[PDB]
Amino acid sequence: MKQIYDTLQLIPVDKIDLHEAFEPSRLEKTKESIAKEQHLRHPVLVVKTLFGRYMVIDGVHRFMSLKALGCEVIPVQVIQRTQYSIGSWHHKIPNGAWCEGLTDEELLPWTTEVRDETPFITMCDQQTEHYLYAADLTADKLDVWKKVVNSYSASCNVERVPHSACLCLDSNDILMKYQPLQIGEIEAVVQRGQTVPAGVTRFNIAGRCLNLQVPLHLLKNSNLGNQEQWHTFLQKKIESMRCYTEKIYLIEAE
């Protein structure tokens, strides 16, 4: 447990990259709550990446909220490569025929053929599968991916299901399956200045620190004096830290 202290750091805001598109309603809600509370409940989870920088793997909305509220440093928890894995979320639309984004005039080259290579995107109903193969796309595969996801994401009662799960579709479900990305692929996206669609990458992260409740007043100055105050704050919080190994239901309110 005595290593967590070392992973909780204040990082300059300009050193942090995002790889995932934000959700506008989620950002408004996160920003309003941070502004009201003037604390950050959970530190932003980051991994070290190229060029001395840090990449958010959990906390896009918290990060953007803190930035907009004028924070010059971000409370992060630095996650080591051995303590996370990357999977994907499948997206279950519980009544596809009432999902306007899916019943629209279709323009992409969906096909039912199974090929030797893995499909870029798979759309499933109870009886059939349609595929998009990377080899058939003209637009940047990233722009096609985002168009597909955003067509139904805010409007069709989507339920995210772990890509590894066992799921049986009823007679009107649609299931969207996406391929898991490796960390190197995500870094190439960031290097290009791009982001992946929201709610598709699924980081499984061991050892997250919760309920740190960092007061925003520690985050407004890029320089020091605040570092002694940060250490004092952290020492006090770590005194009350406890570890839980099984599944937990955390009440996130005061």
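Quick note: we count residues from 1 along the sequence shown, nothing fancier.
- Annotation for 204-212 versus 217-225: the higher mean temperature factor (C-alpha) is found in 217-225.
- 96-104 and 71-79 differ in mean CA B-factor, and the higher of the two is recorded for 96-104.
- Ranking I86, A135, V149, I121 by the C-alpha B-factor listed in the PDB entry places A135 at the top.
- Set against one another, the Cα B-factors of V196, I57, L50, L40 in the record reach their highest point at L50.
- Placement of the Cα temperature factor of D140 within the chain: highest third of the modelled residues, per the deposited record.
- In this PDB entry, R160 carries a Cα temperature factor that places it within the middle third of its chain's modelled residues.
- For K29, the recorded CA temperature factor ranks within the highest third of the chain's modelled residues.
- The entry lists a Cα temperature factor for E117 that places it in the highest third of the chain's modelled residues.
- Among all modelled residues in this chain, the alpha-carbon of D173 has a temperature factor (C-alpha) in the lowest third.
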